[PDB]
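Following: one structure in structure tokens, then a few remarks.
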Amino acid sequence: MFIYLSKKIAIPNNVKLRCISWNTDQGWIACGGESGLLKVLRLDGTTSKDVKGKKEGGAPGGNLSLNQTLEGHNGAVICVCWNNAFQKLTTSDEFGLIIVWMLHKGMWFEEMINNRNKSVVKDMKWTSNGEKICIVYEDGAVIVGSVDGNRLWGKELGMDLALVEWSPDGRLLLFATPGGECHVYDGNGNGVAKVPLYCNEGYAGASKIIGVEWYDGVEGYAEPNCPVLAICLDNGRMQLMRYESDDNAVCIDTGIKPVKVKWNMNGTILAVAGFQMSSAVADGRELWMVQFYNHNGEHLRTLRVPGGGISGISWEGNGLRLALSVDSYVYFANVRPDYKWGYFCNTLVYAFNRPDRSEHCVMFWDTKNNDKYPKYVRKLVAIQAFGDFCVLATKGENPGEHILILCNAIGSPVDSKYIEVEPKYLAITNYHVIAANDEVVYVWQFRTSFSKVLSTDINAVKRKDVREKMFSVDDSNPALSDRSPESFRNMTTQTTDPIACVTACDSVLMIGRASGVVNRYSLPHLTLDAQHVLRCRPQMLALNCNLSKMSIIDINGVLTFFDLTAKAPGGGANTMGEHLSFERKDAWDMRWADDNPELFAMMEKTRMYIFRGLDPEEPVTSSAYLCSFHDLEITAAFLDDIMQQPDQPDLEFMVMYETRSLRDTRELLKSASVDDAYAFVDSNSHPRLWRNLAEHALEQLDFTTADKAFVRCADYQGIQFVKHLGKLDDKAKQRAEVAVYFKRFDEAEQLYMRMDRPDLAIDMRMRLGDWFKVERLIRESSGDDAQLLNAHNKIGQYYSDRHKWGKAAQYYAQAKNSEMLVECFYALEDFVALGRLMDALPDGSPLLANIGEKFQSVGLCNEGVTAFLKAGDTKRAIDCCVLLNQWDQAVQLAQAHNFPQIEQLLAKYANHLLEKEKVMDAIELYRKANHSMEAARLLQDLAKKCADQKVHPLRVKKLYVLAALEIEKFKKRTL
Amino acid sequence: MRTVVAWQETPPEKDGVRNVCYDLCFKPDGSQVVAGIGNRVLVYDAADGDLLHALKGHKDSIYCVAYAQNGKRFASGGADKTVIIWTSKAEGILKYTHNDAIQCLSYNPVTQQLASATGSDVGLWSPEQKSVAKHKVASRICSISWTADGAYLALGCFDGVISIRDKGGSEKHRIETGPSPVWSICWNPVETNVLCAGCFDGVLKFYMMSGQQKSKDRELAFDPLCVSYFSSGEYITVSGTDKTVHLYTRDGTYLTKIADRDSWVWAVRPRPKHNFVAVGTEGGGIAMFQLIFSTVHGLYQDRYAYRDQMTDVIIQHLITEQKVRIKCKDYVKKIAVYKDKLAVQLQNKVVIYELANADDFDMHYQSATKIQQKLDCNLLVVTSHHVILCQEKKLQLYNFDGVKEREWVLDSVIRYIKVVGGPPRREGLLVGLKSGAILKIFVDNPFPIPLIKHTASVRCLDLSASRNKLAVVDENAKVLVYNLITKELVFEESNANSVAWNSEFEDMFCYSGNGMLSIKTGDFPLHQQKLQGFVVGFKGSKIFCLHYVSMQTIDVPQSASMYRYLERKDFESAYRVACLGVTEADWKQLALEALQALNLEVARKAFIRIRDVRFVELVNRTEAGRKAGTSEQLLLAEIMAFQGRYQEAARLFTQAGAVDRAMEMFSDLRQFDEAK
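Residue numbers (the authors' numbering), protein chains in the order written: chain C, 1 to 975; chain L, 1 to 676.
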């Protein structure tokens with residue numbers, strides 16, 4: 001979050017601009033000059049993706065490509081409004097001449113002429129799209145004009161009207177009196193309600209409304225239900241509204257004398273502009289300045305403009321730029337918008353918002369292989385990522401309580417504390433997470449300095465959450481004895497000053513507070529090492545590799561250092577450390593070097609300076625929020641472009657900047673063999689460059705330059721490779737073996753089928769990937785056939801482990817695995833293939849008894865029995881035979897393999913079939929002989945029995961029809 | 001469904017009037033149900049029913065009442081040519097005498113501009129006036145209603161035409177309802193353009209501004225005295241000479257019997273933005289009804305078949321979440337999902353919906369099979385080929401066609417059931433009884449096999465890959481794992497509102513609920529996670545969690561159990577769960593725990609899947625060393641001696657190896673500190 005005066009465009013005729021507004025559609029911003037001037041400046045949409053192509057001396061912005069003077073009005077153009085859909089540039093003077101400007105053949109020319117002209121059209125606006133226009137004259141004449149600006153209804157409200165503004169829904173307009181009140185009236189003219197005056201609250205007197213600006217919702221809000229309406233006053237207290245009847249209107253004690261206010265086109269940043277009677281000077285210099293607040297209204301930034309007068313401000317569509325109605329020029333100022341982000345382990349975290357969801361999409365996207373992770377985590381405040389873990393400043397399921405969600409490189413939660421400490425000033429290490437309240441600093445030591453290393457005894461670490469402490473920004477030693485985390489929450493009096501920002505490393509803490517008095521804490525003793533005092537109120541703090549020079553960038557965004565070695569000049573120990581004499585103009589963030597203590601990859605305005613000391617290296621411009629400065633080399637994250645690609649991020653934004661130290665050093669390493677190379681490695685240190693020279697001369701086969709470059713630094717395998725390629729046979733084989741050593745399967749394959757070894761690039765393609773084409777590589781040439789048949793089985797069982805049993809099945813056709821094919825067709829309900837796999841598996845093995853037990857587990861009657869008998873599982877065959885009511889066959893096979901449970905189970909399940917309303921089954925299961933003549937005889941005898949009974953006639957007639965039809969067939973075969 | 005009686009009360013009688021709930025109007029929140037019963041404004045509460053105010057302001061019986069649409073007053077129109085207006089405090093403020101007996105009432109949403117249709121005029125009552133701003137229409141104004149914006153007042157006239165007028169009474173529309181005049185119109189307080197032109201002939205006319213219908217003009221089976229839109233126009237409460245109230249989808253298709261009353265529901269009105277309805281009868285009996293809509297659903301772990309629009313089912317295939325409903329156009333009773341089949345219990349019959357695509361990613365179902373007879377069941381079971389009816393004791397076997405092949409009258413009350421997974425005509429009914437005994441019945445097995453007598457009643461069970469591990473969640477919300485190989489309680493844990501096993505891993509059971517997602521991953525100890533709801537599916541690492549109205553997809557990592565696997569030198573089992581799919585850091589852990597411990601056979605496979613060929617070379621060198629003696633301190637020394645740290649490589653070269661290597665190698669590595 002920073003703003004700087006980027007570029008001023010030389011405006012023709014040097015006209016004071018009465019109000020400005022950016023063309024949100026095409027960027028053809030028409031500054032509204034006085035005396036009828038509507039000069040259409042042209043800047044295209046410039047983002048950090050321009051800085052992707054503008055490295056080493058760039059900035060997001062354009063130039064004076066076109067500035068067309070428009071001839072439509074005569075008075076000062078106090079009303080300039082932009083149609084956000086039709087590009088109907090429409091303006092009016094202080095007299096009431098309304099003209100819609102078409103982009104006629106590239107120029108802005110007149111289309112519509114609306115005229116009432118009885119008093120002053122003082123404010124006038126288009127809707128969210130630009131379908132209705134609020135032509136309001138000074139006598140309260142509300143001409144709500146349509147898209148063609150005709151007088152749909154002109155109603156005078158009987159009072160003077162000066163400021164009007166379209167609501168996002170655009171029905172209840174904001175008829176604001178110049179005296180200090182804002183009224184709401186509908187199209188019928190009936191009185192509805194009145195806008196609250198929290199701007200007038202806290203300040204005695206109805207102060208004049210300077211401008212009523214509502215973010216109409218051109219690109220949606222930053223977060224939903226955020227205040228985007230600002231009825232500001234000249235008093236210095238102004239209110240931020242979600243809607244025109246907001247009772248939670250944030251009365252910000254701005255304490256200034258503004259004239260204008262404009263929200264950005266994405267609803268993230270409030271901007272209030274105007275002059276000031278300067279209390280610093282006696283004359284009261286008319287210093288026109290632009291304040292900056294959030295949608296809620298916390299103090300964000302401040303713009304310093306020495307211009308004669310800024311009677312209007314306007315933002316870009318995404319809020320990356322702010323145009324100004326300066327009296328001299330149109331001041332274009334680049335803005336870094338507010339994002340919750342983090343970088344750790346080549347994973348760029350960023351809490352953007354999709355335009356279909358309100359939850360903070362904590363995009364834990366990896367930048368190592370472009371691995372995407374849209375973690376949707378509720379109630380997120382901020383993101384801090386450092387080391388192997390990233391922590392998300394999230395509340396609980398309720399506000400007040402908070403969760404320190406420890407996330408790994410993919411972003412999954414592995415550790416979390418339900419804490420009352422809100423992690424506003426959040427720092428994460430590899431062993432601690434430093435949540436911090438206004439005074440309550442909570443190091444969450446999730447792991448000690450001796451933890452997950454040995455764990456040789458069950459009492460390895462006996463205190464999981466007592467190592468953590470919710471200590472103070474003013475505590476001096478919470479390790480005189482052993483202390484609980486909840487030891488501190490308050491003093492006997494107030495704290496001296498709240499915290500500003502907190503950064504830390506694995507065994508250090510540095511608590512940057514607003515007054516600068518830093519209480520620096522150790523780990524895990526969590527003792528005060530050194531009570532530092534910063535000479536400026538920091539907006540961010542960044543520590544060095546050695547932490548000697550650390551950076552303090554203040555609320556005005558000026559880089560000041562801090563050498564941590566100084567003594568308190570007050571008779572005590574209140575002050576440690578001192579500002580190293582290094583200050584740069586409008587420097588807003590830092591990426592300290594992880595190699596050289598004197599180096600740092602600082603943010604200036606857009607240019608990214610490097611200093612090997614306090615003297616400049618190459619100003620390698622990086623508007624990208626950097627990731628790491630190490631080994632004279634700089635890593636970047638083009639987050640603004642990854643705001644534009646947040647669901648589809650890519651490694652293209654993760655560019656690798658460099659210092660001219662590394663650049664010229666490794667440049668002469670790769671160009672000059674040893675000539676400039678050898679000594680210049682030691683000239684620009686960190687013998688990573690000795691490896692650059694050493695494996696460079698190893699690759700170029702300079703077995704003396706590589707040899708002696710491996711002499712000056714630490715590498716055994718490299719010098720072994722020097723002796724290898726010094727004795728390896730073929731140069732094509734030299735590079736191919738190097739490539740297969742160095743993972744370059746492409747370059748190894750590039751030198752296979754070239755020195756005539758098709759099977760070895762068959763091995764390179766044979767390794768990794770789908771195993772179908774690898775099966776063809778197995779069969780076309782016996783390369784790594786066994787290992788990759790094993791791999792066929794491996795992704796076969798992985799597909800089997802992931803309900804892809806069919807692709808697994810042709811893998812085990814490609815490989816050989818038949819019981820796992822049984823499992824493939826077992827969960828797919830294809831037990832016929834299991835009976836097929838009786839014989840694909842080695843028969844006679846109890847694997848067939850296992851699959852027969854599977855058939856029993858589904859209840860298959862006798863195919864499980866023959867799966868048993870193929871395995872010789874005759875007892876289970878008999879158990880399934882007598883189990884499932886095939887009593888004639890149960891008798892036969894249970895006397896075959898000799899386990900006669902036939903009659904007990906026979907009578908039991910006869911009674912059960914009687915319980916299952918099947919009486920006839922219970923009778924006919926006693927037919928162990930069961931001839932057709934015997935069946936008819938049994939049915940007829942039972943018919944005679946129940947006929948003599950005559951009771952239950954259903955059985956009587958059933959036995960009649962069965963026996964009589966069978967006897968009828970007997971007579972048909974007889975006579 | 002269920003339509004619970006919220007309350008039901010016979011109104012008190014006073015002033016000797018016919019106890020009829022003539023009209024029903026609601027406070028816009030729905031708290032006070034304002035019933036004009038007899039000559040009283042019997043003001044009740046639509047959650048309890050207690051008579052908050054008996055307002056006896058009229059002379060004759062109050063023909064009609066209407067609350068203020070902005071929520072300030074409720075008036076009362078009777079046959080005594082007057083209207084007495086009561087504020088929201090139920091106090092009579094205004095009593096203005098018309099020129100004819102009042103026919104109906106309606107209030108403005110913008111102001112308290114009551115309209116009071118008389119037999120010849122409409123008594124527009126401004127929020128504080130005593131005048132009768134009459135609407136002299138040649139036809140009798142039989143119905144009035146104010147549009148929800150607060151501009152239009154549809155004066156339905158006694159000519160078969162709803163003459164929509166303004167707040168001054170100017171005829172604008174000639175709505176062609178037909179020959180029948182429409183005494184019952186009502187602008188929905190959320191719909192300014194949907195006019196419910198309910199008549200006596202039975203036609204359900206949902207008319208627009210000019211006189212065209214919205215849905216099909218349904219001819220009711222009964223003459224409706226009042227028709228109103230439930231749930232802001234999705235459902236319909238019809239009430240007439242049927243003595244009760246029915247629920248209909250806004251198509252006009254039957255849902256359920258809302259009310260169960262004594263006489264003519266003269267006025268029906270849903271409680272606004274509630275589940276309740278104003279059912280006031282000819283006996284005056286006013287009654288709210290809990291029209292609670294449960295997402296009745298089957299699930300084959302991927303196609304969440306929650307019923308929505310209540311004649312259709314919006315099945316969301318949770319892998320794709322394709323929410324394209326099945327246009328059954330008839331009330332859905334019970335639903336079940338198979339691999340590709342969807343048995344649906346309608347008021348028609350069993351409708352087994354089968355997807356046209358052989359996959360599950362597409363949605364647009366078609367009814368491949370239907371049980372021909374109308375057939376319904378409590379727990380619907382669709383197999384590959386059977387629609388098995390689960391009753392509390394009986395188990396009526398049916399196919400997809402409706403053949404009662406078997407019936408299984410079980411011993412106890414069935415509280416849970418599922419399909420064990422099997423071939424066509426062989427799928428199971430793994431019964432979770434209220435007694436707690438688990439019985440195994442398949443399609444063609446006539447007898448149950450009692451697997452587990454679970455300790456408590458069974459509401460959530462599951463079976464493993466081999467159908468042999470029965471984790472049972474009781475009504476006490478804890479998982480009781482019954483390995484059917486052991487046939488006993490082999491594992492039991494709390495924090496389990498429901499448990500689901502895996503289709504490829506044996507002891508892979510997760511269980512969410514009670515805000516805790518504890519996952520005993522395999523033999524190795526528990527994995528920690530937080531989740532509420534009911535797990536009805538566990539595909540190794542994923543949960544389709546029933547959060548009481550819908551499925552919520554929350555993953556289960558095995559990372560804690562992964563660390564347990566790796567750090568116990570079980571990187572074979574960790575390799576297996578890596579084949580199940582975990583992070584490559586666990587793969588490197590397999591390769592390194594095999595590297596440094598000189599288990600250099602697993603190290604080759606775990607390194608080669610990351611394609612780390614140099615580590616494969618180190619592993620191969622020291623593995624060829626370990627396959628040929630040459631005591632492994634020399635070979636571990638070689639492990640660090642080709643890696644880069646030579647204090648331990650040399651200190652293990654103290655007794656097995658050479659440290660003069662360090663003298664002649666620290667020189668050409670400028671590591672002269674350890675050279676010294």
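Virtual Cβ for every residue (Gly too), placed ideally from N, Cα, C.
- Message: Taking only three categories from DSSP, how would you classify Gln717(C)?
- Response: Assignment of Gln717(C) by DSSP, reduced to helix, strand and coil, places it in the helix class.
- Item | Run of the beta strand (DSSP E) containing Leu392(C), from where it starts to where it stops | For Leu392(C), the enclosing beta strand (DSSP E) starts and ends at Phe389 to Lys395.
- Message: Going by DSSP, what residue range makes up the alpha helix (DSSP H) through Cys861(C)?
- Response: Note, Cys861(C): premise wrong, no alpha helix (DSSP H); not H, not E.
- Message: Any beta carbon from chain L within less than 7 Å of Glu604(C)'s own beta carbon?
- Response: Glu604(C) does not count as touching chain L.
- Unbroken beta strand (DSSP E) run spanning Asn294(C), endpoints: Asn294(C) -> beta strand (DSSP E) spans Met289 to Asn294.
- Between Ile175(L) and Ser210(L), which are expected to be in contact by the criterion C-beta below 8 Å, what is the C-beta distance as a whole number of angstroms? Correct: roughly 7 Å between the Cβ atoms.
- Item | Element boundaries [beta strand (DSSP E), containing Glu488(L)] | Counting along the chain, the beta strand (DSSP E) containing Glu488(L) begins and ends at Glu488 to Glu493.
- Query: What does DSSP give as the partner residues of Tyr248(L) in its beta bridges?
  - Reply: As a beta-bridge residue in DSSP terms, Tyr248(L) pairs with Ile236(L) and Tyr254(L).
- Query: What are the residues that DSSP puts in a beta bridge with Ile414(L)?
  - Reply: Answer by DSSP bridge pairing, in chain order: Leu433(L).
- What are the residues of the stretch 905-916 of chain C that lie near chain L, defined by any Cβ-Cβ distance shorter than 8 Å? Sequence-ordered contacts of the stretch 905-916 of chain C with chain L read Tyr909, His912, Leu913, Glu915 and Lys916 [C-beta pairs closer than 8 Å].
- Environment of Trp153(C) [buried if 16+ CB atoms lie within 10 Å]: Exposed, because fewer than 16 other Cβ atoms sit within 10 Å of the Cβ of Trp153(C).
- Task: With a 10 Å radius around its C-beta and 16 neighbouring C-beta atoms as the bar for buried, classify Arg285(C) as buried or exposed.
- Result: By the 10 Å Cβ count, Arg285(C) comes out exposed.
- Just by C-beta distance, which residues in the stretch 400-418 of chain L are closer than 8 Å to chain D? Note that chain D does not occur in the displayed structure, where the protein chains are C and L.
- Message: Please return the same chain residues whose Cβ sits closer than 8 Å to the Cβ of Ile62(L), not counting the five positions on each side in sequence.
- Response: Taken in chain order, the residues that qualify are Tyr22, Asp23, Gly36, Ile37, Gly38, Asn39, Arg40, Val41, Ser76, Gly77 and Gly78.
- Task: For the stretch 743-775 of chain C, enumerate the residues whose C-beta is nearer than 9 Å to any C-beta of chain L, in chain order.
- Result: Of all residues in the stretch 743-775 of chain C, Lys743, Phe745, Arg767 and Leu768 have a Cβ within less than 9 Å of some Cβ in chain L.
- Item | Contact the stretch 374-391 of chain L vs the stretch 787-806 of chain C: 3+ CB pairs below 8 Å | Flag = no, the stretch 374-391 of chain L and the stretch 787-806 of chain C do not touch.
- Task: Could you name the residues of the stretch 694-718 of chain C whose beta carbon sits closer than 9 Å to any beta carbon of chain L, in the order they occur along the chain?
- Result: Listed by position along the chain: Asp707, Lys708, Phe710, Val711, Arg712, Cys713, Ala714, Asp715, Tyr716 and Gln717.
- Item | Straight-line gap, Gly57(L) to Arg73(L) (C-alpha atoms, nearest Å) | Spanning the two alpha carbons is a distance of roughly 14 Å.
- Indicate whether the contact test is met: 3 or more Cβ pairs, each with one atom in the stretch 631-645 of chain C and one in the stretch 667-678 of chain C, closer than 8 Å. Fewer than three pairs of CB atoms, one per stretch, sit closer than 8 Å, so the stretch 631-645 of chain C makes no contact with the stretch 667-678 of chain C.
- Item | Of the listed residues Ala963(C), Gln276(C), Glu420(C) and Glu244(C), nearest to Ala176(C) (C-alpha basis) | Closest option to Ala176(C), Cα to Cα, is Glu244(C).
- Message: Taking CB distances under 7 Å as the criterion, tell me whether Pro272(L) reaches chain C.
- Response: Put simply, the CB of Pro272(L) is far from chain C, with every gap to its CB atoms at 7 Å or more.
- Message: The alpha helix (DSSP H) that contains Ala922(C), what's its start and end?
- Response: Counting along the chain, the unbroken alpha helix (DSSP H) around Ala922(C) starts and ends at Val919 to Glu924.
- On the DSSP bridge assignment, give the partners of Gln290(L) in chain order. Residue pairing by DSSP places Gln290(L) opposite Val4(L) in a beta bridge.
- With hydrogens ignored, establish whether the beta-carbon of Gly522(L) is closer than 6 Å to any heavy atom of the ligand NAP. The ligand NAP is not among the ligands present in this structure, which contains no ligands whatsoever.
- Query: Below 7 Å between beta carbons: does that hold for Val711(C) and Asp668(L)?
  - Reply: In this structure, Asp668(L) lies closer than 7 Å to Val711(C) by Cβ.
- Can you grab the Cα-Cα spacing for the pair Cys377(L) / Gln345(L), in whole Å? CA-to-CA, the gap between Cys377(L) and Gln345(L) works out to about 8 Å.
- Query: What residues in the stretch 438-456 of chain L bring their beta carbon closer than 7 Å to a beta carbon of chain C?
  - Reply: Along the stretch 438-456 of chain L, the positions whose C-beta sits under 7 Å from a C-beta of chain C are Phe442, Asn445, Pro446 and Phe447, read in chain order.
- Can you tell me which of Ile78(C), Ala333(C), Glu633(C) and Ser416(C) puts its alpha carbon nearest to the alpha carbon of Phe2(C)? Closest by alpha carbon: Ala333(C).
- Message: Run through the DSSP bridge pairs and tell me what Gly178(L) is partnered with.
- Response: Looking at the DSSP assignment, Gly178(L) forms no beta bridge with any residue, so it has no partner.
- Determine whether the Cβ of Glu819(C) lies closer than 7 Å to any Cβ atom of chain L. Answer no: the Cβ-Cβ gap between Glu819(C) and chain L never drops below 7 Å.
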